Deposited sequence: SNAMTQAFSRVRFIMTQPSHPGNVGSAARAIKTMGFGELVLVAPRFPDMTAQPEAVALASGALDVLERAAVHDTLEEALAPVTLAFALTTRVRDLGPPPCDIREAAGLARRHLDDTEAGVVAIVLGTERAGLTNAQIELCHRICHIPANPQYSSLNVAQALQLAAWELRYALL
């Protein structure tokens, strides 16, 4: 359990350019429900995003994850300690979130202090340059007519895959 909590502490979820504070709260709750505590914001629209009343209100239960969330201005900063980073998208097929989760497990098992990150843009995606900063691209193959799903939903799916692959 403690050993298991430590494995989970080695996964990070990075939201770039979060625009909506409620999404940031939902984000925190989403990952906590999957056992993750590490949320990172890059270049949010507002300073003190994670202190905004709607982020707090949508975080209920995961207020701790929300407080501890790190904010950087750049993805470079957010990636500095990361050894394996997935760019998450919805656009030849890149590896899917299920493959990506399996790779994450292998990486965390094969390195002493490897760190895995999942990197998300928002509906309004990740720049080509942000994507180039990651080790891999992965995607969530959702309905074509309805592939555009809330970033917090993307996050829950990713965190569910990761949880399953780590248990």
ask   = Counting from 1 along the deposited sequence, what's missing?
value = 92-96, 130
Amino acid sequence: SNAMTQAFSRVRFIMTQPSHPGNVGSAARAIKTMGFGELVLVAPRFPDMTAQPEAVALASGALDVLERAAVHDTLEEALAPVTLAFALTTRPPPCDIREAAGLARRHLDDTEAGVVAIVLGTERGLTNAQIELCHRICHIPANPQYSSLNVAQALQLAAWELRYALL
From here on, numbers count along this sequence of modelled residues.
key: Greater mean Cα temperature factor according to the PDB record, 12-20 or 139-147   = 139-147
ask   = According to the deposited model, is the average Cα temperature factor higher in 27-35 or in 52-60?
value = 52-60
ask   = With respect to the C-alpha temperature factors reported in the PDB entry, which of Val71, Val82, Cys95, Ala87 ranks highest?
value = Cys95
request  = Classify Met4 as lowest, middle or highest third according to the C-alpha B-factor given in the PDB entry, relative to its own chain.
outcome  = middle
ask   = Comparing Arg124 with the other modelled residues of its chain, is its CA B-factor in the lowest, middle or highest third?
value = highest
task = Relative to the other modelled residues of the same chain, rank the CA B-factor of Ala113 and answer lowest, middle or highest third.
result = highest
